[PDB]
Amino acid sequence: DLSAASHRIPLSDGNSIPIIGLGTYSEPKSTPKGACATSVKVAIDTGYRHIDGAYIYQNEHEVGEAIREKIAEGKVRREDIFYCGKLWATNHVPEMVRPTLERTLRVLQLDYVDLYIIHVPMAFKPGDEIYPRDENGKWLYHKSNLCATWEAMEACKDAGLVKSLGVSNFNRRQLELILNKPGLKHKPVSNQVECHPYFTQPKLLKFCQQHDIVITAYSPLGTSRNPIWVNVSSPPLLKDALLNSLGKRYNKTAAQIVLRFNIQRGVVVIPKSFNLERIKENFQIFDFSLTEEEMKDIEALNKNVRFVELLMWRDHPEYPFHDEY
């Protein structure tokens, strides 16, 4: 059972993961310096013990600053904090995996990360640009070799630089490539994908559960709805009539309802907020439960439409979203 003080759930490698974490992606341009550090500190003060981040979010040094400050003052021990980092598309070449993880460790100034995941199954041209596009606009797709990339990840765990290994934005067959790998040492313990009531991931969740893989729900609140990259065709998730009606019943916000929905069914949620009140609000989800009837009803909101389509990359051979799941 889950509580504010104790809400870690088992991973297949004997480790465990806090079922709620703080997401840390924020638009580099429109975000004040220090905002991420401040939020991570508030989150830890609030009770979060899981932070989701990525070097390419450009604020990993702020995440590290915050975690180390809280450890230094004795708010938490290192082992009490769960940090997930991500290997980006430009860094899939096996020889680059360990140096890329080591960079993140040096940025955080920590000895290990709790979880390290392949960010997308698509490889891009290695280089100083995380989004490689030629003069004419065309994205530069390096050939993907997921099993080889995974082998390089496994070696990182063998070296003790990371406790658990996972993936993100992987479809069922991409998960199969790895699960069926000849001589596999460490299976993925987690797949981080878009998940929330408008895109509930019914099949992928069942598939993962059968293979003892935990789903981490990114954009669990339906995203910030930034037009530049979000599919704003769907109505804003938080304005949903049913989610709002249930909020009233429990004296909770729509956001609190949607978070409770996913964690109640064993899905890890990583809502992002850099706002003091909302950081606290998102954590207050252990003092009520939804009925099965309500869960069913929230499930039924599924639109099978993604806020996060990444269409500009739909031409890459490993684009994950062509398949049904």
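In this text, residue numbers run from 1 along the sequence as written.
Higher mean CA B-factor, judged across 132-140 and 226-234 from the recorded values: 132-140. Between 64-72 and 264-272, it is 264-272 that carries the larger average Cα temperature factor according to the deposited entry. Residues shown: 294, 277, 45, 287. Highest C-alpha temperature factor in the entry: 294. Taking only the listed residues 180, 200, 109, 149, the entry reports the highest CA temperature factor at 180. Placement of the Cα temperature factor of residue 85 within the chain: lowest third of the modelled residues, per the deposited record. Remark: residue 94 belongs to the middle third of its chain, ranked by C-alpha B-factor as recorded.
The entry lists a Cα temperature factor for residue 39 that places it in the lowest third of the chain's modelled residues. Ranked by C-alpha B-factor against the other modelled residues of its chain, residue 11 falls in the middle third. For residue 117, the recorded CA B-factor ranks within the lowest third of the chain. Only modelled residues enter the ranking.
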